[PDB]
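Next come the chains, spelled out residue by residue.
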Amino acid sequence: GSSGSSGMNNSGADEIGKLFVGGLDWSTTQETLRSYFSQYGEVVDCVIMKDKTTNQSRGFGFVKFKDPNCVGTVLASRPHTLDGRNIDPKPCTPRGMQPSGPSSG
């Protein structure tokens, strides 16, 4: 970059095969959520954050994938929308770029 400062590139094997879904719906459940993402990649672990008292899906969660490649496949299928709710997955990584490359299908 010329003006903006991007910085160096790091890998750090952490939250690679993880997928942070942003934009869930109080109705959205972990069961259905699993399959919804399972169609893309073998869901290993699905989590859906809920309220403290209401215990309702605030509007975000997580999704694990047997393979760290499954995450991308979905990131390319974006945007996303499950249970009549506009959602958007994330590689669970900080802003910036990655040397990953065109690696995708």
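Residues numbered from 1 in each chain as written, not as in the entry; some residues may be left out. Heavy atoms only, no water.

- This entry, as listed in the PDB, derives from solution NMR.

**Here's the deal with the overall build of the protein**
Argument step 1. A tally of helices and strands in the protein yields two helices and five strands.
Argument step 2. Tracing the protein from N to C terminus, the helices and strands come up as β-α-β-β-α-β-β.
Argument step 3. Judged by the C-alpha coordinates and their principal axes, the protein covers about 45 × 30 × 25 Å.
Argument step 4. With 105 residues in all, the protein has 27% of them scored as buried.
Argument step 5. In the protein, of all internal contacts separated by at least 6 residues, the share reaching a separation of at least 24 is 61%.
Argument step 6. Treating the 11 positive side-chain charges of the protein as one cloud and the 10 negative ones as another, the clouds have centres 4 Å apart. (Helix = DSSP H or I, 4+ residues; strand = E, 2+ residues; numbered from the N terminus. Buried < 20%, exposed > 50% of the residue type's maximum accessible area, 1.4 Å probe, protein only. Contact = heavy atoms within 4.5 Å. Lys, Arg positive; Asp, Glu negative; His and termini not counted. Charge placed at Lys NZ, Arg CZ, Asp CG, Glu CD.)

**Looking at the pairing of strand β2 (residues 43-50)**
Argument step 1. As judged from the five bridges shared by β2 and strand β3 (residues 57-65), these two strands associate in the antiparallel manner. Among the inter-strand pairings, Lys 50 is bridged to a residue of β3, identified as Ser 57. (Pairing = 2+ DSSP bridges.)

**A word on the environment of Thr 93**
Argument step 1. Residue position: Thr 93 is located in the segment after β5 (85-87).
Argument step 2. In this structure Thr 93 comes out as partly exposed when scored by relative accessible area, which is 40%.
Argument step 3. Taking the C-alpha atoms as reference points, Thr 93 and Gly 1, separated by 92 residues in sequence, lie 21 Å from one another.

**What to know about the sheet that holds strand β1 (residues 18-19)**
Argument step 1. The three strands are arranged β1-β3-β2 in an open sheet whose pairing can be described as antiparallel. For this open sheet the edge positions go to β1 and β2, each flanked by a neighbour on one side alone.
Argument step 2. As defined by bridge partners, β1 adjoins β3 across two bridges and the pair is classed as antiparallel. Among the inter-strand pairings, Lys 18 is bridged to a residue of β3, identified as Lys 64.
Argument step 3. Relative to the sheet, helix α1 (residues 30-38) contacts β1, β2 and β3, its axis offset from that of β2 by approximately 135 degrees. (Axes fitted to C-alpha atoms, helices over the stretch in contact; angles between N-to-C directions.)

**Some points on the packing of aromatic side chains**
Argument step 1. Inspection of every chain in the model, using the stated rule, returns five aromatic pairs.
Argument step 2. With centroids separated by 6.3 Å and ring planes inclined at 70 degrees, the aromatic side chains of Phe 37 and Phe 65 adopt a geometry described as edge-to-face. Of this pair, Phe 37 sits in helix α1 while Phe 65 sits in strand β3, and the two are 28 residues apart along the sequence. Residues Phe 37 and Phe 65 agree in their burial class; the two are buried.
Argument step 3. Put simply, the rings of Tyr 36, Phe 37, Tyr 40 and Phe 65 touch in pairs and so form one group of aromatic residues. (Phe/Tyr/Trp six-rings, centres within 6.5 Å; stacked < 30°, edge-to-face > 60°.)

**Examining the nonpolar core**
Argument step 1. By size, the foremost hydrophobic cluster in this structure holds 16 residues, and its most contacted members are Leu 19, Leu 33, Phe 37, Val 63, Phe 65 and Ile 87.
Argument step 2. When residues of this core are traced back to their parent elements, those giving at least two are α1, β2, β3 and α2 (70-77).
Argument step 3. Beyond its immediate stretch of four places on either side in the chain, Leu 19 contacts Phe 37, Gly 61, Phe 62, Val 63, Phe 65, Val 71, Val 74, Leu 75, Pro 89, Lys 90, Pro 91 and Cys 92. (Core = buried A, V, L, I, M, F, W, Y, C linked by side-chain atoms within 4.5 Å.)

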